[PDB]
There are 2 protein chains.
Amino acid sequence: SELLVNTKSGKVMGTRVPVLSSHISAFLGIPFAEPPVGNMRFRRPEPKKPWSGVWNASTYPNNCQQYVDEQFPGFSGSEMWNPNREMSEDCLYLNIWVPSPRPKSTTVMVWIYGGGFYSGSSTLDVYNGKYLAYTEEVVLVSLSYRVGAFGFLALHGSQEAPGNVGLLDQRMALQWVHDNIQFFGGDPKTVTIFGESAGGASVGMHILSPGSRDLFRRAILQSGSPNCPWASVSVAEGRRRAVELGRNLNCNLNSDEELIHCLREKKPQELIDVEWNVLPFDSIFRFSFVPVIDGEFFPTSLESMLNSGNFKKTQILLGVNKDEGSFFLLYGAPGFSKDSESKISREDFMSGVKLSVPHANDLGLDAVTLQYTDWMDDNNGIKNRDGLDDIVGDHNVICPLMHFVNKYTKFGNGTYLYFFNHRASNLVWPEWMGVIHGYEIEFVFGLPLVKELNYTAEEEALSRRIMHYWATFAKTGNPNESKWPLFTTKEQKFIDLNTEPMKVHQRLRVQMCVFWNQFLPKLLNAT
Amino acid sequence: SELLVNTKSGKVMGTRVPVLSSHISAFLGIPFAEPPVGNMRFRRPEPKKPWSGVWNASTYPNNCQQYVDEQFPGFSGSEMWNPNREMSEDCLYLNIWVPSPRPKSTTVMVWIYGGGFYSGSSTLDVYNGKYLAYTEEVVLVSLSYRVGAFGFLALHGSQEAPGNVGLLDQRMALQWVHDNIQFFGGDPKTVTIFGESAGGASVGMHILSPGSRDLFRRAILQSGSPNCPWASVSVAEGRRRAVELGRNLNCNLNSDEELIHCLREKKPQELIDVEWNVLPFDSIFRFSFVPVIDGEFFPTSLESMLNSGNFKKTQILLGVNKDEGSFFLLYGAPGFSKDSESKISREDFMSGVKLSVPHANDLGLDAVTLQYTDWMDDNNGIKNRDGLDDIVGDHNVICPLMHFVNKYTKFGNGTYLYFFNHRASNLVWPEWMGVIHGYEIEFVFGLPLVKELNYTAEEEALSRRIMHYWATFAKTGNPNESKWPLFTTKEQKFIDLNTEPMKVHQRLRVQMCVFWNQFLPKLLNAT
């Protein structure tokens, strides 16, 4: 039967799913690790014991335990990101969409969800792999991983909560694909990992980490990169936050053993309830439990790894959205609101810069302010709001990504760069937020193809192009079969991604990124 | 007789001079101080002993001893600034142009020459007062003052070379005008001092200095301001340079008395020959012997004087030229030459920034470079040359002047601001240098009115306007009789000065001047 697959872990029974008036197979909820529960909380994952019988893979699995956004109750703009299944610590499952009839050896794409390493679900509507699997004739995988404390609590030296265990979940899933995708018709020698935001930083982390490099062929990074200032912490900072978390829960802090024991007795929601209390600064775009530079998963600092070429050499396709910061300013900066135009005073602007660059001394805060202020028109509400939006986007997403691409391009075997600037016609978030962080994903997954979702015909066209680029890149290492130019060290070309005829440009946001990647870091080092 | 004037120092005999097909009186070479020679070298000036008989005032006097520019021997662009009379330490004389017939009580204008406090002559062709005196029916005075070591050697504490003595020359001349202009038909209650570059900084210094305020009514500052980074030095730096100068001349450096004695035996040219050897940095736009913050002429730091309003409150008219830096880069920066277009490499650009900001640490040099580099086009030769031109102009002239105007405007009784951007059609300096430092003076003095000098008709028109503005301002405190708006703290308006219909703008170079006046000084204070 087309819906029965015998893998090395046991047999699995899929379900036939309708897609744009045709059908494909879906194998949902395949376990790839032992449930990370009890004494196994904060531990490295453990491979799933093979099972006899037929695993029923016809429904989506639980989503990991995570903080749940209740900012706009009922609003679809925010709720589409919230878990849509029961949460459980028993959450380590993957999902496979397979063309029909079953291929013999095709391109595989593995999606790694974002959510700031504190949230995310493989089971979201915008992540439904059936459009891309069907359209591009790829085998589409989506994995899952522990988030928040469960995924990233770090007490370096201890084996009970080493840190990085959420990254090891992703790795075990990539191990299960390596070992089993062939039985689904996928080519394990032609896997692309792709992910957005923490998913893109994850993808870059598997390129860096020696124990992941061998488990995939190529990588796509959307609005994230491993060297992002929010994507990792020192072992000492990880340690300080695990201790503070236990402090919030009245744990015995005498030893790691005492701490870890106490944390393992607490219900998931107890951890989730005090999780934001451990941040060291009053900040925006900072997440409590994130990957640590442990000397294992990452042998050395990300930067020295990037300088020496200590990383998988392959092809990469990556890019950013126009207005990466608006979401974080909305949710966290004074003066921004969902239902106004959010024109920002100078007083709120300066409040915003302080939140966006928590680690900066006053001189550093002045350097930023001067770099983004139009002194001919410094009380312009719109210019203040947009300039803050760019600060957040630049510092947190664009310029880290630009640094990664430039460093990577020195040693890699082909780099394709995009700048996604189409604002979807049916976007429910206000205008001021622009081309919002995360809103290229629905184009990547082909939602503009389903009539009922209310996109224009030109949005459908753009979706079909993006998908064809991503899948052709996954297949050949080149998005091209008009032509998207290679990004090279000298010319530094990139394309815009929008409903208009392609335009090639060069040096994406160089003025600002020299400031964030060269000048400001020098400034804070000296002062 | 019209050409005979009985003053308080004795009688003086002028000479009738032709001017645009009419005539006026000129009293040239009037002494206003005792010759600063012998034991009086480096001393405060001494008022001129009255004389019996008739002083022959029919010829220009000697120019002070000064370094002589020999960069372009024969070239008129440079030689027009060189002394055109014999140099002598006996140089303290003024020149008066008086309408004919002799007025009874008219507006007086006193011109204070520039030349970086190391050079300058009252007797230059471009300073001929007869066009302005004739056209505007003003009494025009030009004074002189000691420059170089002779004017500005500073050994604070000693009375033999206190420093600032060149400023006291100007002051004695303003004292002689106060006391005697009435006999020439001038109103001593309606004197405007005006000057360009060191002449403009001088004018601002007489506004600041309590012992000068009472000797004039209003002030015009062209391309200079008292708080310019090259216009003054601490007493300690003045001291270090007088000692170094004596070191260059093998003086006994045991005491000030030994030093000063040794310096007074040297011929003028011996001092002039080693004068540039005392600068502390490899720099551009820095002059060895300049005014010192002595606690006498200037009671406190210029800045604390400007903050507290310790300064004459009156009306001021002031401004800058478009391309203030080009002359100093020409003469002193690698890669610029008179007969090429001077496209600058990045290597020369960075060499230029270091020379332009000698007092900056590496971080400071990076801050400058980032502020003036187009990172989308950083090897553009023209953009590098122009960006260096702006660095020099901004740091040295425009932004100091913008700081002075803003501070002054808080307490003053009316501020008129201009931006002079017409490049003269008959300019002999190359194109790349633009609207060159100093080239508004010939418009101020009405050279475009003499046919033989080869200006266009619209240049003559602009000259007539500038002159009418300067003289109407001198007369009433308002350049207006289309309308040049007052510069106010809020609106910060200014006009361009060119052959085109007037345009009012606001906040002259604010982006750059926040950087030079606020950010960079903070940067170097912290590092």
Side-chain angles (χ1 to χ4, degrees), chain A residues 28-37 40-48 60-67 81 83-85 87-96 109-124 127 129 140-154 161-178 191 193-209 211-212 215-216 219 221-222 224 226 228 230-233 238 268 271-272 275 287-292 294 296-298 441:
Chain A
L28 310 173
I30 307 317
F32 67 75
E34 287 300 301
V37 301
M40 285 192 274
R41 175 195 293 172
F42 318 122
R43 269 196 204 168
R44 299 188 187 222
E46 195 166 274
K48 173 71 178 193
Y60 276 143
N62 299 316
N63 309 144
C64 299
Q65 292 284 174
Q66 55 195 271
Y67 175 83
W81 305 107
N84 56 348
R85 304 268 135 172
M87 292 183 298
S88 183
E89 284 181 281
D90 184 355
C91 65
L92 285 195
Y93 301 84
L94 53 80
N95 309 297
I96 331 311
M109 292 180 71
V110 186
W111 172 254
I112 305 184
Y113 63 69
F117 298 107
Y118 70 87
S119 58
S121 300
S122 80
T123 55
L124 300 184
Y127 304 152
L140 205 146
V141 181
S142 55
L143 57 63
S144 56
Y145 60 101
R146 292 171 284 175
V147 300
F150 318 91
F152 297 95
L153 196 125
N164 288 343
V165 308
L167 286 172
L168 300 177
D169 302 348
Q170 302 168 11
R171 177 190 285 167
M172 199 143 81
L174 296 179
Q175 189 68 64
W176 193 96
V177 164
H178 189 262
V191 19
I193 62 186
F194 69 134
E196 182 270 352
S197 178
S202 290
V203 165
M205 287 167 167
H206 289 308
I207 288 175
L208 289 171
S209 189
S212 290
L215 293 180
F216 62 98
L221 298 78
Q222 309 175 200
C228 283
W230 49 265
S232 70
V233 293
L271 277 61
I272 288 166
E275 167 183 344
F287 310 110
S288 302
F289 304 95
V290 291
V292 279
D294 52 349
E296 281 153 59
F297 195 101
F298 308 103
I441 296 179

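Order of the sequence lines sets the chain letters (A, B, ...), proteins ahead of strands, with each chain counted from 1.
- Atom CG of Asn63(A) sits about 10.0 Å away from atom OG of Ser88(A), to the nearest 0.5 Å.
- Residues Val292(A) and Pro162(A) approach most closely at CG2-O, 4.3 Å, considering heavy atoms.
- Listed by chain and number, the residues in a side-chain hydrogen bond (donor to acceptor under 3.5 Å, both in side chains) with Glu89(A) are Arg41(A) (sequence neighbours excluded).
- By the side-chain hydrogen bond (donor to acceptor under 3.5 Å, both in side chains) test, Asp294(A) is found to be paired with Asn164(A), residues two or more places apart in sequence or in another chain being considered.
- Within the 4.5 Å cutoff, the side chain of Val165(A) has no heavy atoms near those of the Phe150(A) side chain.
- Proximity of a side-chain donor or acceptor of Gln66(A) to a complementary backbone N or O of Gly120(A) within less than 3.5 Å is detected.
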Acceptor/donor pairs from residues 110-119 of chain A side chains to any protein atom, 3.5 angstrom cut, sequence neighbours excluded:
residue   : atom : partner   : partner atom : Å
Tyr113(A) : OH   : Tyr145(A) : N            : 3.0
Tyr113(A) : OH   : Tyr145(A) : O            : 2.5
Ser119(A) : OG   : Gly115(A) : O            : 2.8

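- Under the side-chain contact (heavy atoms from CB on, under 4.5 Å) criterion, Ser197(A) pairs with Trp230(A), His437(A), not counting sequence neighbours.
- The main-chain N or O of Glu275(A) is found under 3.5 Å from a side-chain atom of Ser288(A) such that the two form a donor-acceptor pair.
- Side-chain N or O atoms of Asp169(A) include one that pairs as donor or acceptor with a backbone N or O of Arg146(A) at under 3.5 Å.
- Scored by the side-chain hydrogen bond (donor to acceptor under 3.5 Å, both in side chains) test, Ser144(A) finds no partners at all (sequence neighbours excluded).
- Looking at every heavy atom in both residues, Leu167(A) comes nearest to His206(A) through O-CE1, 3.4 Å.
- Of the possible polar contacts, one joining the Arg171(A) side chain to the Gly211(A) backbone as a donor-acceptor pair under 3.5 Å is found.
- Taken from CZ in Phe287(A) to OH in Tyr67(A), the straight-line distance is 11.5 Å, to the nearest 0.5 Å.
- Nearest heavy atoms, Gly200(A) versus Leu221(A): O-CD2, 3.3 Å.
- Residues meeting the side-chain contact (heavy atoms from CB on, under 4.5 Å) test with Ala33(A), sequence neighbours left out: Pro45(A), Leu92(A), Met172(A).
- Using modelled atom types, one side-chain atom of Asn84(A) and one backbone atom of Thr123(A) make a donor-acceptor pair closer than 3.5 Å.
- Listed by chain and residue number, nothing satisfies the salt bridge (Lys or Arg N to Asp or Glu O under 4.0 Å) test with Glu34(A) (two or more places apart in sequence, or in another chain).
- Inter-residue side-chain proximity for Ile193(A) and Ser202(A) is flagged as unmet; no heavy-atom pair is nearer than 4.5 Å.
- Closest non-hydrogen pair, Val203(A) versus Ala219(A), comes out as CG1-CB, 3.4 Å.
- Listed by chain and number, the residues in a side-chain hydrogen bond (donor to acceptor under 3.5 Å, both in side chains) with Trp176(A) are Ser9(A) (sequence neighbours excluded).
- With hydrogens and angles ignored, the 3.5 Å screen pairs no side-chain donor or acceptor of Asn62(A) with any backbone N or O of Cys91(A).
- One N or O on the side chain of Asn95(A) and one on the backbone of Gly29(A) form a donor-acceptor pair closer than 3.5 Å.
- Closest heavy-atom contact between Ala231(A) and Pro291(A): O-CD, 3.3 Å.
- Scanning both residues, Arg85(A) and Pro61(A), for their nearest heavy atoms gives CG-O, 3.3 Å.
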Practice task
Apply the test side chain to side chain contact (heavy atoms under 4.5 Å, CB included) to residues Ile207(A) and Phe216(A): give CA-CA distance (whole Å), side-chain angles for both, the deciding distance (0.1 Å), then the verdict.
Solution key: CA-CA 9 Å; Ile207(A) 288 175; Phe216(A) 62 98; 3.8 Å; yes
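- Distance check: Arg44(A) CZ to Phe297(A) CZ gives 10.0 Å after rounding to the nearest 0.5 Å.
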